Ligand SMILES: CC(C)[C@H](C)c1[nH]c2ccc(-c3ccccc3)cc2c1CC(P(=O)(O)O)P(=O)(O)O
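Before any questions on binding or motion, here is one chain by itself as structure tokens, the form deposited without this ligand.
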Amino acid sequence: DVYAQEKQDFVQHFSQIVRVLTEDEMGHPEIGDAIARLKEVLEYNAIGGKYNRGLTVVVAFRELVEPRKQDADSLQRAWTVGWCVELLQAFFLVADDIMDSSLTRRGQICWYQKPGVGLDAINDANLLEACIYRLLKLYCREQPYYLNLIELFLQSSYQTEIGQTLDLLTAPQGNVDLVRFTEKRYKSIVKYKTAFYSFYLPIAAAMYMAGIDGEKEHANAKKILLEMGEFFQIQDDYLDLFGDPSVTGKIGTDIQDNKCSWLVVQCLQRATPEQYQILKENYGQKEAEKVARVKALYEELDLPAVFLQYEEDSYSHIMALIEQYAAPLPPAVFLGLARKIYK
């Protein structure tokens, strides 16, 4: 497994990331205390996940750049850009946990729920984002791809925020939101909120790093990667309710938070009028008994088996897309990514 193969060196590179983001302002001691807060923010929030998005940059880089051009400096730039993707994700999560009223993330209390943090986490989150562009400068400013990367990261953020906007608009708190929860709206949400940044962004970054900047090559990669992302989000929704928090590292809130989850969309497609009424009376509310009623409804409708069938069909569909659209890139680039998310 090529992700495990590159993991340790990537993770160990974190000290260097923290060191260069702390040391770059030893020349300005009056900001010492801000810098220490940044360090604490990085350490709590950018560590502890599975690093698949950052690692994807690195594995993809190795597979796309000719080995004779993989000098020490270029690898360092690749582990740095990988970390920039993880930092983007850290910004997103910290803010999302606040907006979702989440309890835990990566096996510990959400950063904003820490005593003494609260809504200060808003600024903490944005600092994680600013770190991306300082690292791109410190490590990549003299590279021909520098601007492409800056623009990639900015556009990825914009798309992602557009997708968060739809996530929030589709799920107003304290309303009955069932008529809003359609398959078409679902696919739009997850394309924008998850697929661009989680799948297109890391591979695209590696592409530009390798000097593959053609529009057609990016469009083809995107066809594969945006569909993987849609599956990834469906799985995220499944696990919100049915996954083991011991393994997910986080407690699910989709039902309480009234979300257009893949589960509620599949529920609506199947429910009788009587089942619809049950979902209407119990969805999007904080009472444990009501959440439990929704979960029972889902189980009565065999939504776990439906997801398992969907996963098999999605995997086949993605693999067909790889056959179609991978060339001229190594298919291994897409296949390693698929092996990581299906299972």
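Throughout, rigid core stands for the largest set of C-alpha atoms superposing within 1.5 Å between the two forms. The numbering used is simple: start at 1 and walk along the sequence shown.
Stretch exceeding the other in mean C-alpha B-factor - 186-194, 240-248:
Result of the comparison: 240-248.
Regarding 22-30 and 310-318, which shows the higher C-alpha temperature factor on average in the entry?
For C-alpha atoms only, the mean B-factor is higher in 22-30.
Selection from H218, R77, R180, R105 [criterion: highest C-alpha temperature factor in the record]:
Largest recorded C-alpha B-factor: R180.
Between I35, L42, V57, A296, where does the Cα B-factor run highest in the record?
Highest CA B-factor of the listed options: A296.
Taking the entry's C-alpha B-factors for this chain, is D71 in the lowest, middle or highest third?
According to the entry, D71 has a C-alpha B-factor in the chain's highest third.
Give the position of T253 by CA B-factor within its chain, expressed as the lowest, middle or highest third.
It falls in the bottom third of the chain.
With respect to C-alpha B-factor, does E230 fall in the lowest, middle or highest third of the chain as deposited?
For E230, the deposited C-alpha B-factor lands in the middle third.
Is the Cα B-factor recorded for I132 in the lowest, middle or highest third of its chain?
For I132, whose C-alpha B-factor we compare with every modelled residue in the chain, the answer is the lowest third.
Check where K222 lands among this chain's C-alpha B-factors and tell me if it's the lowest, middle or highest third.
Its C-alpha B-factor belongs to the middle third of this chain's values.
This next part talks about the form solved in complex with this ligand, which is not shown.
Is there a heavy atom of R53 lying 4.5 Å or less from a heavy atom of this ligand in the deposited bound form?
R53: contacts this ligand in the deposited bound form.
With a cut-off of 4.5 Å between heavy atoms, is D177 one of the residues that contacts this ligand in the deposited bound form?
Flag for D177 set to no.
I'd like to check something about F232: if you look in the deposited bound form, is any of its heavy atoms closer than or equal to 4.5 Å to a heavy atom of this ligand?
Heavy-atom contact with this ligand at 4.5 Å: present for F232.
Using heavy atoms and a 4.5 Å limit, would one call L239 a contact residue for this ligand in the deposited bound form?
Residue-level check for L239: yes, a contact with this ligand.
In the deposited bound form, the one of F153, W111, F181, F199 near this ligand [non-hydrogen atom within 4.5 angstroms]
Spelling it out, the residue with a heavy atom inside the cut-off is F199.
This ligand in the deposited bound form reached by all of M26, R134 and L136, non-hydrogen atom within 4.5 Å:
The answer is no; none of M26, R134 and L136 reaches this ligand.
Heavy atoms within 4.5 Å of this ligand in the deposited bound form: which of the stretches 191-199, 136-144, 266-274, 72-80 has them?
In short, 191-199.
Heavy atom contacts to this ligand in the deposited bound form at 4.5 Å, residues of 290-328 in sequence order:
None of them.
Please name the single residue among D73, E142, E215, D244 whose Cα shifts by at least 2 Å between this form and the one not shown after core superposition.
The displaced C-alpha is that of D244.
Rigid-core frame, C-alpha of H28, shift of 2 angstroms or more between this form and the one not shown
No, shifts by less than 2 Å.
Core fit, then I255 C-alpha moves 2 Å or more between this form and the one not shown:
Comparing the forms between this form and the one not shown, which are aligned on their rigid core, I255 does shift its C-alpha by 2 Å or more.
Using a rigid core superposition, assess whether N123 undergoes a CA shift of 2 Å or more between this form and the one not shown.
No, its C-alpha moves less than 2 Å.
Shorter or longer C-alpha distance for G32 and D24 in the deposited bound form, given it differs from this form by 3 Å or more?
It is closer: in the deposited bound form, the C-alpha atoms of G32 and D24 lie at least 3 Å nearer than they do here.
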